[PDB]
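This document starts with one chain, in the form deposited in one PDB entry, laid out as structure tokens.
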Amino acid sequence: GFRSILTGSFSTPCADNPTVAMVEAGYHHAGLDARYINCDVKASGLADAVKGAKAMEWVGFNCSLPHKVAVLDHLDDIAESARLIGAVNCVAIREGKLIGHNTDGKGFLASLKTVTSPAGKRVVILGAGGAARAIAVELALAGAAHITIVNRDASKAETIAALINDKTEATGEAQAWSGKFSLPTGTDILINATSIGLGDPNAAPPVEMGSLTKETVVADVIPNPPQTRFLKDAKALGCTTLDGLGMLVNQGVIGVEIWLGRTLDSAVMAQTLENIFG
């Protein structure tokens, strides 16, 4: 009757986060009586919000800024990649138990898998943020051979490289970013994890685009515009490209799979984000 399945999000601020619209578009397309509740939860409210979703019998929730690290204190179980990353953005509630997952690198991995396998690949990640850390871990756990993290502050890249070497079978390497980064020979996958190009069709991270082969898979975490200058330049060179909007859609699909055992429709989720972004 009138009891919808409850999911949602804890973050602050939350007003500009379109995940609610994306995920509910998926729910509606599937004919699933489920809701996503986008909550503005302050740091001092996180513990009570987590206990609140349990008491209200939600089946899952996301955590965004500034809760991804702090939430680990309130969980019963932490999945492998979340353990290594040290952050959780997707919590499942299973018979009162709170199970933390990290999917910030999994949207990218799902996009990647549509074109090639990560196993044995040599990868370059531009930038050393939260996105870069999760992407590096997921690639390493998925069998990548070599991961180079490129950052102006090389010590931040070195933190991720050290994580990869210490906790995975993959080799991690850090490189300081100075001028147009030239991809080392044999690079299979290039990923932008910077915000250069976010909301700016004319901005691109400083990469020597001529260092790409036509075989190099080029990906960008930026979801808006989904066709960034970086990706447009790569595609013009003949490269297979993966956009950040698709990755966000994949992350929502994976999360709802974790929560409810349903695979939502990617097309309607994507179109919802395209409409929101204009």
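So that there is no doubt, residue numbering starts at 1 and follows the sequence shown.
Visitor: Mind pulling up the entry and telling me whether 81-89 or 168-176 has the higher mean Cα temperature factor?
Guide: Taking the mean C-alpha B-factor of 81-89 and of 168-176, the larger value falls to 168-176.
Visitor: Which is higher in the entry, the mean Cα B factor of 199-207 or that of 129-137?
Guide: Comparing averages over the C-alpha atoms only gives 199-207.
Visitor: Among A55, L237, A47, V253, where is the Cα B factor highest in this entry?
Guide: When the deposited C-alpha B-factors of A55, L237, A47, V253 are compared, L237 is largest.
Visitor: Which of these, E24, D265, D16, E257, has its C-alpha atom at the highest B-factor, as the entry lists it?
Guide: In this record, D16 carries the highest C-alpha B-factor of the candidates.
Visitor: Test of reading the entry: by CA B factor among the chain's modelled residues, which third contains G244?
Guide: Lowest third, going by the recorded CA B-factors of the chain.
Visitor: What third of its chain, lowest, middle or highest, does the C-alpha temperature factor of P225 fall into?
Guide: For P225, the deposited C-alpha B-factor lands in the highest third.
Visitor: Lowest, middle or highest third of the chain for the C-alpha temperature factor of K214?
Guide: Its C-alpha B-factor, which the entry lists for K214, ranks in the highest third among residues of this chain.
Visitor: Give the position of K232 by CA B-factor within its chain, expressed as the lowest, middle or highest third.
Guide: As the PDB entry reports it, the C-alpha B-factor of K232 lands in the highest third of its chain.
Visitor: Where does the C-alpha B-factor of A70 rank in its chain, lowest, middle or highest third?
Guide: Middle third of the chain for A70's C-alpha B-factor.
The discussion below concerns the form solved in complex with a small molecule, not included here.
Visitor: Check each of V218, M247, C63, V253 and return the one that places a heavy atom within 4.5 angstroms of the small molecule in the deposited complex.
Guide: Flagged contact: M247.
Visitor: So which of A176, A119, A162, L198 reaches within 4.5 angstroms of the small molecule in the deposited complex, heavy atom to heavy atom?
Guide: The option sitting close enough to the partner is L198.
Visitor: At 4.5 Å by heavy atoms, is each residue in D73, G100 and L141 next to the small molecule in the deposited complex?
Guide: Answer is no for this spot.
Visitor: So if I measure heavy atom distances to the small molecule in the deposited complex, which of the stretches 187-195, 73-81, 92-100, 167-175 falls within 4.5 Å?
Guide: Answer to the contact question: 187-195.
Visitor: In the deposited complex, does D153 come within 4.5 Å of the small molecule, counting heavy atoms only?
Guide: Flag for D153 set to yes.
Visitor: Is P223 a contact residue for the small molecule in the deposited complex, using a 4.5 Å heavy atom cut-off?
Guide: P223: contacts the small molecule in the deposited complex.
Visitor: Can you tell me whether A128 touches the small molecule? I mean in the deposited complex, with a 4.5 angstroms heavy atom cut-off.
Guide: Flag for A128 set to yes.
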